[PDB]
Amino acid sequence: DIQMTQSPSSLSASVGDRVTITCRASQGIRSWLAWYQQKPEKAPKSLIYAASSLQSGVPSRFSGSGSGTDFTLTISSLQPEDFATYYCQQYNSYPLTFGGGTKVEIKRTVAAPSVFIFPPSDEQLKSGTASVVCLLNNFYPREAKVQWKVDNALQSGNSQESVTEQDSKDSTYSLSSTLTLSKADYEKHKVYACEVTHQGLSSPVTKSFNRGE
């Protein structure tokens, strides 16, 4: 297969910026490279074919360059509707292969998370399960680490997290992390701690509660 490598994986930029993202093929593909745009929960949209040719209706601020192995997509002046994921695809030969994509996200100032912790509800504890929720609210950049600690013992394999898309108004991210134990295992321990690492915090912050307090 022809391996397509896109760089960077993520790009932070502002409205009015000149933005250049790259796509490299592991073999020669002549000019048979396409660019696609995709936004969250929506189908891709075709931008470029044959390395440099714009699809019908694509704004003139989009351009493409490259022959052989190394390719470029340039947005001359980034507009609000251009924040999206961009995919390259070689159609030189089979199988048709895609790059891993470049997310173009909105640059803003570093913002530390507001860290909130929610013990399990009494109604859930009746059903025999304990879900402990740690909320990291409105932070930037997206890169954040959550570590669960139960009586200062680091947890592994018993938590799942997800992250919102970048907010439209304030350009921040939020993260929810759920620790799940049995009622039996929950009622054994006392101190439930969410430890958060992020660029906006000079040292890691712990949010914690004592069970039944």
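So that there is no doubt, residue numbering starts at 1 and follows the sequence shown.
Worksheet entry | Selected stretch [higher average CA B-factor]: 75-83 or 98-106 | Comparing 75-83 with 98-106, the higher average CA B-factor belongs to 75-83.
Practice prompt. Take the C-alpha B-factors listed in the entry for 29-37 and for 151-159, compute each mean, and give the stretch with the larger one.
Written response: Higher mean C-alpha B-factor in the PDB entry: 151-159.
Worksheet item: Looking at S53, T164, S182, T172, which has the highest Cα B-factor in the entry?
Response: Of the options given, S182 has the highest CA B-factor in the PDB entry.
Worksheet entry | Third of chain Cα B-factors occupied by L136 | Ranked within chain, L136 CA B lands in the lowest tercile.
Worksheet item: Taking the entry's C-alpha B-factors for this chain, is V58 in the lowest, middle or highest third?
Response: Middle third by C-alpha B-factor.
Worksheet item: According to the PDB entry, is the CA B factor of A13 in the bottom, middle or top third of its chain, that is, lowest, middle or highest?
Response: For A13, whose C-alpha B-factor we compare with every modelled residue in the chain, the answer is the middle third.
Fill in: CA B-factor ranking of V115, expressed as a third of its chain
CA B-factor rank for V115: middle third.
Worksheet item: Comparing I21 with the other modelled residues of its chain, is its CA B-factor in the lowest, middle or highest third?
Response: CA B-factor rank for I21: middle third.
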